[PDB]
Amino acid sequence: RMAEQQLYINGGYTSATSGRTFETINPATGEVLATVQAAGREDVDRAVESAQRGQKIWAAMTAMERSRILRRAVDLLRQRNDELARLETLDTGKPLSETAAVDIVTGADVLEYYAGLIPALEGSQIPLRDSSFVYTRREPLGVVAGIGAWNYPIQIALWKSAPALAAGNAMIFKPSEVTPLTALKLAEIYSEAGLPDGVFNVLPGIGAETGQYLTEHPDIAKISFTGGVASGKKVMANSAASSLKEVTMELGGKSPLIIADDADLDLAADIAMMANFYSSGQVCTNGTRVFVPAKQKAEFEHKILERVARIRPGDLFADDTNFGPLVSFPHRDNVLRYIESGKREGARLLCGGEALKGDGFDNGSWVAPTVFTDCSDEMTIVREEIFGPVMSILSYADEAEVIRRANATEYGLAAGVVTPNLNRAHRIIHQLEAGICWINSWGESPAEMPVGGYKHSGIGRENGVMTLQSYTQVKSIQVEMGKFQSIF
């Protein structure tokens, strides 16, 4: 359909020297959207050298000069929101009702946030004594690398590149092989806004190749990766063994949603629905273990059924469509394997449990919105991240128990509680072992709010002031004005 997609290095498109290509498909039709060139080792070397030269120019500008350029990129993203959203829908299978409202909106929200913070990035000064003081500089890391995931392709590209660029770095970005297209458009926009050549380069490729070449490269100072829990362990280990790179990891979760016995069950069901079936369940922070008091569980199940009836699959460009196919057919096969395991392990199928078939579904990787109830803590669907539309409903009896069971996992990304009670809301949330916690809501991730995982769900944070700072490195400088004394 579209032309063979080249690499983006040094302010324009350039052919890869790898001689290798891959295809990206439209998950709703199975059609090939584009043939895409894959960056090889020499391509990564070209991108790093380009990034080194560009970073020097970028860092030598004033803080406000950098701010204005990133703000111009925000302006262009707002103007092109709908066009970029359509492309993202084609590449991901997510409904346009989502991509036009969330993906570029919130990606640009973070770029806009960091653009305004650049002049506020400051070091410290510490007096030691009348004759000596220390000051610190927050220096750029230099060239850093971002490795994106396929569920929010351009949003992730913006959330990694915005603080990296605002901190004075160049970033080489590798999009998921599943969804390479919008990251290339972002690089065009950055260049149009005045970003120096080489400061944002985009290298499509395969993880086993391009991703590894980046984590091994000797001149890249930091790796930021978003993806699966197991993949993150390998990326971090490779980043360390090659050259001791700094690392950020934003990985998966099995986040608990705790419904208190004083919660309004319409509200609780609304939150559970949004925590499970947005982006067809392909969200790392989803509240996929839903804990409900035994005395409310039957009514809660009814309310879930009543809202599952409001899920509308269909034309991804239609206004009322709010549910899409999964990103790929192998992913659907994995999600169906998890569903079959829930049935086989004795969970009660409340709804769904099968692929969608028939007119307008036979060419996409559709899975019906699936709810299991009567679940138990040892079940595979309860223990493991599924990354599809599968909610697990778990009965509980008391507050201490549900806190224990919520925390009894190696994941630790998000969590939430539904309660009108002041004390319950704060005291329960304070005990949960997760980095992202919602009270009487789910999913909102303001640019101001640092987000990331506890335990196996992540390293470091994205968003907030702290992430601008973590794309710098601290240099301490002591000025000694007294006469230095040697003991020799």
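The numbering used is simple: start at 1 and walk along the sequence shown.
In this crystal structure, the stretch out of 40 to 48 and 445 to 453 whose C-alpha atoms carry the higher mean B factor is 40 to 48. Mean CA B-factor, 244 to 252 versus 330 to 338: the higher value falls on 330 to 338. For the set 146, 140, 325, 180, the PDB entry puts the maximum C-alpha B factor at 325. Per the deposited coordinates, the residue with the largest Cα temperature factor out of 361, 411, 190, 150 is 361. The entry lists a Cα temperature factor for residue 458 that places it in the lowest third of the chain's modelled residues.
Among the modelled residues of its chain, residue 174 has a C-alpha B-factor that falls in the lowest third according to the deposited record. When the modelled residues of the chain are ordered by their C-alpha B factor, residue 269 lands in the middle third. Sorting the modelled residues of the chain by their CA temperature factor places residue 277 in the middle third. When all modelled residues of the chain are sorted by CA temperature factor, residue 184 is found within the middle third.
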